Colleague: 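Quick one: this structure, given as structure tokens, is what I'll be asking you about.
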Amino acid sequence: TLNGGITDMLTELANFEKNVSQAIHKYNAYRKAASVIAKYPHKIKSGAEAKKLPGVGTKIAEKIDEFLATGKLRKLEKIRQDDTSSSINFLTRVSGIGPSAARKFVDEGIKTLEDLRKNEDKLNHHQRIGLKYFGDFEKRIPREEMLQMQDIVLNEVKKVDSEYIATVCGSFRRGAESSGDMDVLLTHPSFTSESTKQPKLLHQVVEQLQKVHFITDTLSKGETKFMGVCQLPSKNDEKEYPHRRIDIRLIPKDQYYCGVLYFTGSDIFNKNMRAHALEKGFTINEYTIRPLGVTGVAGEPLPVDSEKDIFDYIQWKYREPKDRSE
DNA sequence: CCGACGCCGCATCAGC
DNA sequence: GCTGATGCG
DNA sequence: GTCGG
Ligand SMILES: Nc1ccn([C@H]2C[C@H](O)[C@@H](COP(=O)(O)OP(=O)(O)OP(=O)(O)O)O2)c(=O)n1
Ligand SMILES: [Mg+2]
Ligand SMILES: [Mg+2]
Ligand code: NA
């Protein structure tokens, strides 16, 4: 929290460029600068001191000087005053409403939470569920609740078939004291890069977690990725727990280590790592790391038997999950 | 300068 | 129906 | 918005 004022400012600027300007590279520029400053271990005293970090350049340096001198940023104070930008920024907080849909709703005069509740008929299925649980999805999940959720999911998966392996990833696996959601990596030996020997491998899991009333809603669902909603059971007379976002991803078993590296994140860590892979002549996705040829075309999957094997290919010292929260 | 910026699953739609 | 682009996560 | 070549 040494430079929390600066990194908050940059995050608000990034969200502006994404939601309002629809300028995804500016959004990623601000996010990379906020990330490098957040892990900088001194209280920043000038914009020139910050410009020495990679991803902080002239414009952000000038913004850091304005912020340190005055405690404010005029650019943001004006953005905070513009109704259209403010309304667009708000609507994108609903899961399933991105910047395009948010600008379209505002064009049609749908600009508040009351406006969305009134116009449910204009929402697709995902947006409908995101509105339903808007308040709950804003809350963080204490690690102690993630531990009980973990216990439910792993035990219910064992009951379907003892050969499934379920691994909680995301910020939970990086050791966070609270999470935005539950991310679950799933494997089963009948599903590899070579063959799919059983159908419905993810369906069966979803159905079982629905049957015991853990999963309560579905945002999207295919053969390998489920995005939905879940809730801890409460006790007699106790207030219900908040509803929570749950993401489940079935990865070919022989590609576990690429998949667990991806699903552990953080998103900025993955971005930095994948960009560094490119500079080193490889491409990394959640399935494989492959070399790039002279023509820039990905070649065939390199062999991988651990998370560290991937770090080794691109000549990075290994970083434990807890050190990947960028 | 200025091109490149990580990578992909699912939902939806246009065009056929 | 399928294919490809687009939005969203 | 930033940066490497
Ligand atoms: N743009 C993104 C977003 C996510 N992910 C990967 C890394 C994340 O860790 C993982 C799960 O994404 P989440 O949105 O669930 O984020 P986290 O679990 O890291 O954090 P939170 O505590 O906010 O859920 O997916 C990624 O590679 N690129
Ligand atoms: Mg998560
Ligand atoms: Mg998630
Ligand atoms: Na949204």
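The sequence lines fix the lettering, A, B, ..., with proteins before strands; numbering per chain opens at 1. Worth knowing before you read on, the calculation uses all heavy atoms, side chains too, and leaves out hydrogens, waters and symmetry mates.
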Colleague: Round to a whole Å and report the spacing from CD1 of A:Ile37 to P of D:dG1.
Modeller: 15 Å
Colleague: What does A:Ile24 touch in the nucleic acid at a heavy-atom separation under 4.0 angstrom: a base, only the sugar-phosphate, or nothing?
Modeller: nothing
Colleague: Which nucleotide in the list C:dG9, B:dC7, B:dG9 gets nearest to the side chain of A:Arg245?
Modeller: C:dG9
Colleague: At under 4.0 Å between heavy atoms, what does A:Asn285 touch on the DNA or RNA strands: base, sugar-phosphate, or nothing?
Modeller: sugar-phosphate
Colleague: With respect to the side chain of A:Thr224, which nucleotide from C:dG9, B:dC10, B:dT12 is positioned closest?
Modeller: B:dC10
Colleague: Are B:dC5 and A:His25 stacked, with the base six-membered ring and the side-chain ring centres under 5.5 Å apart and planes under 30°?
Modeller: yes
Colleague: Hey, does the side chain of A:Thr283 come within less than 4.0 Å of B:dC7's phosphate (OP1/OP2), counting only N and O?
Modeller: yes
Colleague: Look at the side chain of A:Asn124 and decide which nucleotide, out of D:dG1, B:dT12, B:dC7, has an atom nearest to it.
Modeller: B:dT12
Colleague: Give one of base, sugar-phosphate or nothing for A:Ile289, where a contact means two heavy atoms less than 4.0 Å apart.
Modeller: nothing
Colleague: CE of A:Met146 to CG of A:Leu232: how many Å apart, nearest 0.5 Å?
Modeller: 10.0 Å
Colleague: Taking OP1 and OP2 of B:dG9, is either one under 4.0 Å from a side-chain nitrogen or oxygen of A:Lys225?
Modeller: no
Colleague: Working to the nearest 0.5 angstrom, can you tell me the gap between A:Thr7 OG1 and A:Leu2 CG?
Modeller: 10.0 Å
Colleague: When we call it a touch if two heavy atoms are under 4.0 Å apart, what does A:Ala277 touch: a base, just sugar-phosphate, or nothing?
Modeller: nothing
Colleague: Using atom NE2 of A:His126 as one end and atom P of C:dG7 as the other, report the distance to the nearest whole Å.
Modeller: 16 Å
Colleague: On a whole-Å scale, what distance lies between the P atoms belonging to B:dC5 and D:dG4?
Modeller: 15 Å
Colleague: Check the distance between B:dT12's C1' and A:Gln127's CD and give it to me in whole angstrom.
Modeller: 11 Å
Colleague: Please determine if A:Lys271 and A:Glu326 form a salt bridge, counting it only when a charged side-chain N lies under 4.0 Å from a carboxylate O.
Modeller: no
Colleague: Considering only C:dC8, B:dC7, C:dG9, which nucleotide approaches the side chain of A:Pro99 most closely?
Modeller: C:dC8
Colleague: Return no unless some side-chain N or O of A:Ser220 is found under 4.0 Å from OP1 or OP2 of C:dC8.
Modeller: no
Colleague: With side chain to side chain donor-acceptor pair (under 3.5 Å) as the criterion, how do A:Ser266 and A:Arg324 come out once you've worked through the C-alpha distance, each side chain's angles and the decisive distance to 0.1 Å?
Modeller: CA-CA 6 Å; A:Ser266 73; A:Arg324 306 180 200 162; over 6 Å; no
Colleague: Do A:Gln208 and A:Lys159 have side-chain N/O donor and acceptor atoms under 3.5 Å apart?
Modeller: no
Colleague: Checking side-chain hydrogen bond (donor to acceptor under 3.5 Å, both in side chains) against A:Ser190, which of A:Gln198, A:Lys197, A:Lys253 comes through?
Modeller: A:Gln198
Colleague: Which nucleotide in the list B:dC7, C:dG9, D:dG1 gets nearest to the side chain of A:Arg274?
Modeller: B:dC7
Colleague: Contact class for A:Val94 (heavy atom, under 4.0 Å): base, sugar-phosphate, or nothing?
Modeller: sugar-phosphate
Colleague: P atom, B:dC8 versus D:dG1: distance in rounded Å?
Modeller: 29 Å
Colleague: Touch check for A:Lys59, heavy atoms < 4.0 angstrom, all strands: base, sugar-phosphate only, or nothing?
Modeller: sugar-phosphate
Colleague: Rounded to the nearest Å, what distance is computed from the CE atom of residue A:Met9 to the P atom of nucleotide D:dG1?
Modeller: 13 Å
Colleague: Among B:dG9, C:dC8, B:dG6, which is the nearest nucleotide to the side chain of A:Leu278?
Modeller: B:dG6
Colleague: Tell me which nucleotide among B:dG6, C:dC8, D:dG1 gets nearest to the side chain of A:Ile60.
Modeller: D:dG1
Colleague: In which ranges does DNA chain B form stems of 3 or more consecutive Watson-Crick or G-U pairs, distances under 3.5 Å?
Modeller: B:8-16 with C:1-9
Colleague: Tell me, which pairs form a ring-ring contact (aromatic ring centres under 6.0 Å, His included) where one or both residues lie in residues 114-156 of chain A, sequence neighbours left out?
Modeller: A:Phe90-A:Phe134, A:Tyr133-A:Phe137, A:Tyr133-A:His243
Colleague: Looking at the rings of A:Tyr40 and A:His42, which for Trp means the six-membered one, are their centres under 6.0 Å apart?
Modeller: yes
Colleague: Looking only at atom P, what distance separates B:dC7 and C:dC8, rounded to whole Å?
Modeller: 22 Å
Colleague: If you assign A:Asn28 and A:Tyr287 each to the DNA chain B nucleotide with the nearest heavy atom, which residue ends up on the more 5' nucleotide?
Modeller: A:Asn28
Colleague: Report which part of the nucleic acid A:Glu286 touches: base, sugar-phosphate, or nothing (heavy-atom distance under 4.0 Å, all strands).
Modeller: sugar-phosphate
Colleague: Distance only, no hydrogens: is a donor on one side chain within 3.5 Å (strictly under) of an acceptor on the other, for A:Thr11 and A:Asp8?
Modeller: no
Colleague: Given the rule that positive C1'-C2'-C3'-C4' is north and negative is south, which one is C:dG1?
Modeller: north
Colleague: Within this structure, what is the OH-to-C1' distance between A:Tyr27 and C:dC8, rounded to whole angstrom?
Modeller: 12 Å
Colleague: Touch check for A:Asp247, heavy atoms < 4.0 angstrom, all strands: base, sugar-phosphate only, or nothing?
Modeller: nothing
